[PDB]
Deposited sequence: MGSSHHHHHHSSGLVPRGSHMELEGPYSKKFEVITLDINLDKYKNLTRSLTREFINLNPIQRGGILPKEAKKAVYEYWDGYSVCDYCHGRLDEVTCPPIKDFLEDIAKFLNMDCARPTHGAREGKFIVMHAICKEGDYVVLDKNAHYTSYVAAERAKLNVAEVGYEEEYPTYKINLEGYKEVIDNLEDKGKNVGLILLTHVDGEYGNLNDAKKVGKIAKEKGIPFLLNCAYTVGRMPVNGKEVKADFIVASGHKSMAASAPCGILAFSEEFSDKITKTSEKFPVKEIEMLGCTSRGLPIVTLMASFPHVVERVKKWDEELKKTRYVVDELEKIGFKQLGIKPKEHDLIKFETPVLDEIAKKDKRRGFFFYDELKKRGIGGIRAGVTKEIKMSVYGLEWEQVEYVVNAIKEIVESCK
């Protein structure tokens, strides 16, 4: 009644045979230490000390482990805000912010762009305005969210501004550092944030659902609110035992991460190398220039032209990348491509760039 053959030859992937350009995976690649830890604990750890240390790493008062930035955002939205409260976020926000807001029965207010094409930079001051427009209508703002780096254009935002605004208005501030914590250094107190969500599998060299929620002492009682029936178990954490593979890989990759954030400018160097070298063949870097993050979005008219006549339609590029052992770009899309070379060896960066150049050169 059930075909089990689809789970037998499951042991197959191009992880070792291909170069992965997908931005959502560059920062989540396990170092060998993490792999050894996986071998050790794939069914079976100084967690408290790790929480204190990850608290210091972000310059924050307290910290808890989650199943990603998703979970953390839902946690703060569910423990701090009351049903009906508004969440004011930027227009470049991740879908999980909106969805977590909707699960917490909260409303959403967006902040416009300082400029659209091709920068798509968020008008940070606009936040202030957007708040007042809500408070004049009598609405209550419960949370101010800012995606530190968005997953579309990879733009870095001066979080200290929105921090100042949030501090003035007295509204709690959540900084979405899913694309930040683990890549670049980040000071929670310096940007005046009350909550910080980090994605372990996206930027902290961990696997599985894995994340961190850092928060100030002010809200410590609310976030870590214990249960009535069980005075030891935290309610929002659903049981303060956070065990499994992801937390192990995270703790194991922690020294690798705290060391690689000190060498963020080298990864930036790789990024800008790719951008500068690709804009020669007809690519146009979208988002803020120059790049302050590894996530790059290119507008590529050339690829669309090649896919036009004729080849295998928009799926040509993908195919032409598979021939050269490169993946991570969505198949079929040619109007624009989204890529990142974070953590790639320089020889591999050169290989990728030269590969792309050869692709556009050979396919006319």
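According to the record, no C-alpha positions are given for deposited positions 1-36, 81-96, numbered from 1.
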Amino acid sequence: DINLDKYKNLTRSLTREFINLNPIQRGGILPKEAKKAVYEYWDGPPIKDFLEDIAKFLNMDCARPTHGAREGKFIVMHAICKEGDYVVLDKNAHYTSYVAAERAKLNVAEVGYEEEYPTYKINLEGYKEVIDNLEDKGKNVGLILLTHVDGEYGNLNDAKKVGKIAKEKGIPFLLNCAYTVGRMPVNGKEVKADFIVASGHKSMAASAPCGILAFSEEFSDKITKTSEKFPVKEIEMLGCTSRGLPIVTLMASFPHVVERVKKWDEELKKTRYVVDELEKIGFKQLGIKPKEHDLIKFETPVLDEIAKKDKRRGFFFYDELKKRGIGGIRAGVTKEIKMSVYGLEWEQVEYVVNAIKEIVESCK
From here on, numbers count along this sequence of modelled residues.
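Higher mean CA B-factor, judged across 239-247 and 280-288 from the recorded values: 239-247. Higher mean CA temperature factor, per the PDB entry, when comparing 162-170 with 261-269: 162-170. Based on the entry's C-alpha B-factors, the most elevated value among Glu218, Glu152, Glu110, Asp294 belongs to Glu218. Taking the PDB entry at face value, the top CA B factor among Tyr179, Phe230, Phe195, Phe254 belongs to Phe230. When the CA B factors of the chain's modelled residues are split into thirds, the value for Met339 lands in the lowest one. Compared with the other modelled residues of the chain, the Cα B-factor recorded for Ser13 ranks in the highest third. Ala37: CA B factor lies in the lowest third for its chain, per the PDB record. In this PDB entry, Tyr318 carries a Cα temperature factor that places it within the middle third of its chain's modelled residues.
For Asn157, the recorded CA temperature factor ranks within the middle third of the chain's modelled residues.
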